[PDB]
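Residue numbers (our numbering), protein chains in the order written: chain A, 1 to 255; chain B, 1 to 255; chain C, 1 to 255. One structure is given here, and the rest of the page talks about it.
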Amino acid sequence: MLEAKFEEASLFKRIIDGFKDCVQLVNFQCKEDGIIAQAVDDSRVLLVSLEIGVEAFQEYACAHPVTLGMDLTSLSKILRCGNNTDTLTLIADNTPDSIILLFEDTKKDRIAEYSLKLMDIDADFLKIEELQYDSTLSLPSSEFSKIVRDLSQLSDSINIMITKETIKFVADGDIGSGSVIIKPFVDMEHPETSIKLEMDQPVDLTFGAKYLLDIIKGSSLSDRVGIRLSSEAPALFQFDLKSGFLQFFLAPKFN
Amino acid sequence: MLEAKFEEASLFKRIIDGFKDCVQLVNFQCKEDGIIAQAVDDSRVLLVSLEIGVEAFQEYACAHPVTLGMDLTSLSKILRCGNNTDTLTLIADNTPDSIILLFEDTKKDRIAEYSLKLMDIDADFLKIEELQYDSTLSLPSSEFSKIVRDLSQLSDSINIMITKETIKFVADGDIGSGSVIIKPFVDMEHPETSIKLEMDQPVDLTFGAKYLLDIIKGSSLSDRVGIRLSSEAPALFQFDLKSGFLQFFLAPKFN
Amino acid sequence: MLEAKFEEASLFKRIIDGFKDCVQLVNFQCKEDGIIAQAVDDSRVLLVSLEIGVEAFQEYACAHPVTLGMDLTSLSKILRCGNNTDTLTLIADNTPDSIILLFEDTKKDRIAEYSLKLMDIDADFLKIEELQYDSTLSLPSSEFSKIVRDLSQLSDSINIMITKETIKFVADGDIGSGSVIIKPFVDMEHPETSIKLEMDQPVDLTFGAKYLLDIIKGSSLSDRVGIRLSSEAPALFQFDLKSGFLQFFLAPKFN
Numbered sequence: 001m002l003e004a005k006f007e008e009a010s011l012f013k014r015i016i017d018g019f020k021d022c023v024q025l026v027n028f029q030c031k032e033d034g035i036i037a038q039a040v041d042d043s044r045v046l047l048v049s050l051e052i053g054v055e056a057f058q059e060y061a062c063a064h065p066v067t068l069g070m071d072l073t074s075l076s077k078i079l080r081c082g083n084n085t086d087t088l089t090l091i092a093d094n095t096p097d098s099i100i101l102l103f104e105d106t107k108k109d110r111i112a113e114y115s116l117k118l119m120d121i122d123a124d125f126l127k128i129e130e131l132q133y134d135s136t137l138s139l140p141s142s143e144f145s146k147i148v149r150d151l152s153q154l155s156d157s158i159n160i161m162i163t164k165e166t167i168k169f170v171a172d173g174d175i176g177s178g179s180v181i182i183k184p185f186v187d188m189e190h191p192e193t194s195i196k197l198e199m200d201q202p203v204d205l206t207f208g209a210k211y212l213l214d215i216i217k218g219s220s221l222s223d224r225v226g227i228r229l230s231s232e233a234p235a236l237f238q239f240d241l242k243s244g245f246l247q248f249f250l251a252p253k254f255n
Numbered sequence: 001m002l003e004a005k006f007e008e009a010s011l012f013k014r015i016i017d018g019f020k021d022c023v024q025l026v027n028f029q030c031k032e033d034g035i036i037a038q039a040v041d042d043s044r045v046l047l048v049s050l051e052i053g054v055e056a057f058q059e060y061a062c063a064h065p066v067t068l069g070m071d072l073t074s075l076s077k078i079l080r081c082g083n084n085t086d087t088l089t090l091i092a093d094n095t096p097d098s099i100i101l102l103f104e105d106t107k108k109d110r111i112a113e114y115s116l117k118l119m120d121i122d123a124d125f126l127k128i129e130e131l132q133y134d135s136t137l138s139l140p141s142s143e144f145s146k147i148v149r150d151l152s153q154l155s156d157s158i159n160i161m162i163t164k165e166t167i168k169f170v171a172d173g174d175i176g177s178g179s180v181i182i183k184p185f186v187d188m189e190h191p192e193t194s195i196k197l198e199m200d201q202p203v204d205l206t207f208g209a210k211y212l213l214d215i216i217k218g219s220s221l222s223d224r225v226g227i228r229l230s231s232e233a234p235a236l237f238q239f240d241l242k243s244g245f246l247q248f249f250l251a252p253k254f255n
Numbered sequence: 001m002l003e004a005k006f007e008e009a010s011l012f013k014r015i016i017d018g019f020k021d022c023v024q025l026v027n028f029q030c031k032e033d034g035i036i037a038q039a040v041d042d043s044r045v046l047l048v049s050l051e052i053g054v055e056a057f058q059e060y061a062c063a064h065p066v067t068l069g070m071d072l073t074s075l076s077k078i079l080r081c082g083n084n085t086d087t088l089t090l091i092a093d094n095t096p097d098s099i100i101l102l103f104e105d106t107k108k109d110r111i112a113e114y115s116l117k118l119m120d121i122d123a124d125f126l127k128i129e130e131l132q133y134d135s136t137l138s139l140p141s142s143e144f145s146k147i148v149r150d151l152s153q154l155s156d157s158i159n160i161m162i163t164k165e166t167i168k169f170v171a172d173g174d175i176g177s178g179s180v181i182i183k184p185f186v187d188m189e190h191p192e193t194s195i196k197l198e199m200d201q202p203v204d205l206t207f208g209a210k211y212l213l214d215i216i217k218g219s220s221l222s223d224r225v226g227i228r229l230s231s232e233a234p235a236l237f238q239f240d241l242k243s244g245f246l247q248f249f250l251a252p253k254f255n
């Protein structure tokens, strides 16, 4: 039997919002040490992976590994239901045919209970993360979001280029071209706006804007985004939660 | 305690037949959500991986993850025992020294119970599947089987070559050479004989016929075989079951 | 509740010694079929992975997957405590805030019980092992240790070069250069000093001596070390235990 208590429903809700514009469908693997989930899109160029630890919950009980398949749009529609600060409990049994979502408020006037029908989804969980990436950097989610949103105006392809103490984002299309150049530093006024870079080898990669736009949606979950780039594998964009993380693996373009 | 009920023993039997001409020995990992197993051959150029879900069983109970090591030849010899349409139950305890295979018939005259001695097998399960493969295609198991069987006559090496809307299988040896060229289409007479191709980048790969011959053995498990090819990783041949799959990862030849 | 009995504390102790000069911190994942653990260093060029099976213990009970985070230096300091041949029991509950280490002697005069405070460590377990490595070889731990220790004198970079029936270790620095060349053979006087090589493709790789020095620390756990090399991935150094293994994944240098 699964029983998982979110302090704020907003967390789970916006976590799912994190990867709306979505990879449709997803397998939520719940276990004693918390919840994990991953899903690929139709084109199979973007993998979304999610880990939510126990500490991220107000409360949590499983004692029996349980897999929960469900369509994100249905879940989202169900997740649109409430004050957005309720206590939210996920409930399931030993052989779940359906999952229960339970919203409770400050008092006990409005008790909302929804039941979402589960699904069967075959899925070999992918482990495509690598040991060492050619370059590693991190910056404010908002800044990155802004860069992507701005540059995505000009082209459907954004080129990220990293060299010694230099991070260059470039877009080149029909109407024109644009380039944002940022440089690492330590902001001691408040380190949350700091920009970090660590380069073992320069990189020159190009990504589809469509997807980056989906990546930056996770800005609503963390102050900082961490990007890991290499030419031998999909780029890794990571947003950290209290105890856990939401990460996106994205494949670059060949030519 | 494990208790797993196959409707038809033929399924499990032919599943094991799927990877006879075998990767010798194998670790069957049984858990609440079903069974998984994988094994590599002596040369370590071919990985066989297997997932059997709960729905694929007539019945199934575990409630405690259990690993079952066993030699395929012994198991096969035991699996040769019965009408081939019996109800087949796999039974194990909490600390299994041996596994029980139980065959029962339509009535209750012939009750057959076999006990297979288990084995200790250290094995780091491999996760070599990739997010995106350069090319993806699918076709009738029989057709592919026929192509392999035919071309394997001429050489010990079969070259698969994929370009825009063109799938080319080639063999070149001493006596002569042979090439089968197939093209994608949508068969509306009945889509089971359809041929699908999806190319993000052309490919030119060469495989050992010895192994492909072992791959095509899984034709007895599905109408269609799905092939995923790339130059950066082992090719992936997949046969789908009702709830689960049998897949083969095969390494191409360098030169 | 976890309860794991080592016959000799020396095993566990020296296992941790195996990867001191350490990857700091580590997540010990305990489960019904035994214990696994892995950890990366600060530079993220060296992954240490550990599997300890049930047979390696004098006794073992879990029946509930439990994760145990802990600093290696603290653990080591605690592991310095005892005759070094005590019976050593690891104990934990269902929601461990701390782990118990219990040392008992031949009689029952000195009963030593230590409690180590656990930690929360987010960690996506890496699965970077590959199916086929370009070259595979194995040799006495002592010999390899000696080669590394000797050649590390001259430079901070050791080049391993493998060709047909030829294994060449080279170091080149300021004071001078050095090269050790070994050749495969079958030692029938006693096969433990034998040297094995298996080459599918020649290799020319260079590693940081700093790390190799950390790798060879595991010589105190096995008679033989097994090295698997390829250019497409981190090199794999493996020391085998009774039931389980300690392995190191190391990334070569680009230029």
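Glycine included, each C-beta is placed from N, C-alpha and C at the ideal position.
Asked: Closest to A/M199 by CA distance: which of A/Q238, A/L137 and A/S179 is it?; Found: A/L137
Asked: Residue range of the alpha helix (DSSP H) that A/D174 falls in?; Found: It is not in any alpha helix (DSSP H) - A/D174 carries neither H nor E in the DSSP assignment.
Asked: Decide if the stretch 172-186 of chain B is in contact with the stretch 140-159 of chain B; the criterion is three or more beta carbon pairs, one per stretch, under 8 Å apart.; Found: yes
Asked: From B/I91 to B/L2, what distance separates their C-alpha atoms?; Found: 5 Å
Asked: What three-state label does DSSP hand C/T85 in the structure shown?; Found: coil
Asked: Using a Cβ-Cβ cutoff of 8 Å, what residues of the stretch 24-48 of chain A are near chain B? List them in chain order.; Found: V40, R44, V45 and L47
Asked: Whole angstroms is fine: what's the gap from B/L25's alpha carbon to C/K127's?; Found: 22 Å
Asked: With which residues is A/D240 paired in a DSSP beta bridge?; Found: A/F245
Asked: Does any heavy atom of the ligand COA sit closer than 8 Å to the C-beta of A/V180?; Found: Among the components of this structure there are no ligands whatsoever, and the ligand COA is therefore not found.
Asked: Put C/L139 into one of helix, strand or coil per three-state DSSP.; Found: strand
Asked: If we count the other Cβ atoms within 10 Å of its Cβ and call it buried at 16 or more, is C/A56 buried or exposed?; Found: buried
Asked: Using a C-beta to C-beta distance shorter than 9 Å, which residues of chain A count as neighbours of B/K127?; Found: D124, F125, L126, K127 and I128
Asked: Pop quiz: C/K20 and C/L72 are said to be a contact at Cβ under 8 Å. What is the actual Cβ separation, rounded to whole angstroms?; Found: 6 Å
Asked: Compute the Euclidean distance between the alpha carbons of A/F185 and A/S135, then round it to the nearest angstrom.; Found: 16 Å
Asked: Buried or exposed for A/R110, going by 16 or more other Cβ atoms inside 10 Å?; Found: exposed
Asked: Is there contact between the stretch 36-52 of chain C and the stretch 243-255 of chain C, where contact requires at least three CB pairs shorter than 8 Å?; Found: yes
Asked: Of all the options C/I215, C/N83 and C/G69, which has the alpha carbon lying nearest to the alpha carbon of C/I121?; Found: C/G69
Asked: Quick one: list the residues of chain F neighbouring B/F249, beta-carbon separation under 8 Å, in chain order.; Found: The structure shown contains no chain F; the protein chains it does contain are A, B and C.
Asked: For my contact list, C/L151 and C/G178 are in at a C-beta cut-off of 8 Å; report their separation, rounded to the angstrom.; Found: 5 Å
Asked: Leaving out five residues on either side along the sequence, give the residues of the same chain with a beta carbon under 7 Å from the beta carbon of B/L116.; Found: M70, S74, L75, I78, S98, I99 and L101
Asked: Going by DSSP in three states, C/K107 sits in which element: helix, strand or coil?; Found: coil
Asked: Below 8 Å, can you find three or more Cβ-Cβ pairs linking the stretch 30-41 of chain B to the stretch 227-234 of chain A?; Found: no
Asked: Who are the near neighbours of A/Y211 in its chain, counting only those whose CB is closer than 6 Å to its CB and skipping five residues on each side?; Found: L46 and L250
Asked: According to DSSP, simplified to helix, strand and coil, what is B/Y133?; Found: coil
Asked: Excluding the five sequence neighbours on either side, which residues of its own chain have a C-beta within less than 6 Å of the C-beta of residue 269 of chain C, listed in chain order?; Found: Outside the modelled stretch of chain C, which goes from 1 to 255, sits residue 269 of chain C, for which no answer is possible.
Asked: Could you spell out where the beta strand (DSSP E) holding A/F28 opens and where it closes?; Found: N27 to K31
Asked: With the cut-off set at 9 Å, would you say A/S142 and A/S219 are in Cβ contact?; Found: yes
Asked: Which residue comes first and which comes last in the alpha helix (DSSP H) that contains C/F6?; Found: Premise fails: C/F6 lies in the beta strand (DSSP E), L2 to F6, not in any alpha helix (DSSP H).
Asked: Quick one: grab the DSSP three-state call for C/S219.; Found: helix
Asked: Please list, in chain order, the chain B residues whose beta carbon lies closer than 8 Å to that of A/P140.; Found: By Cβ distance, chain B contributes nothing, its closest Cβ being about 27 Å from A/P140, past 8 Å.
Asked: What three-state label does DSSP hand A/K127 in the structure shown?; Found: coil
Asked: Label C/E130 either buried or exposed according to how many other C-beta atoms from any shown protein chain fall within 10 Å of its C-beta, with 16 as the threshold for buried.; Found: buried
Asked: Starting from C/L75, trace the beta strand (DSSP E) both ways and give me its first and last residue.; Found: Counting along the chain, C/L75 falls outside any beta strand (DSSP E), though it belongs to the alpha helix (DSSP H) covering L72 to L79.
Asked: Chain B partners of C/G53, CB-CB under 7 Å?; Found: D122
Asked: Is the beta carbon of C/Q132 closer than 9 Å to that of C/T87?; Found: no
Asked: Using a cut-off of 8 Å between C-beta atoms, extract the partners of A/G244 located in chain C.; Found: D122
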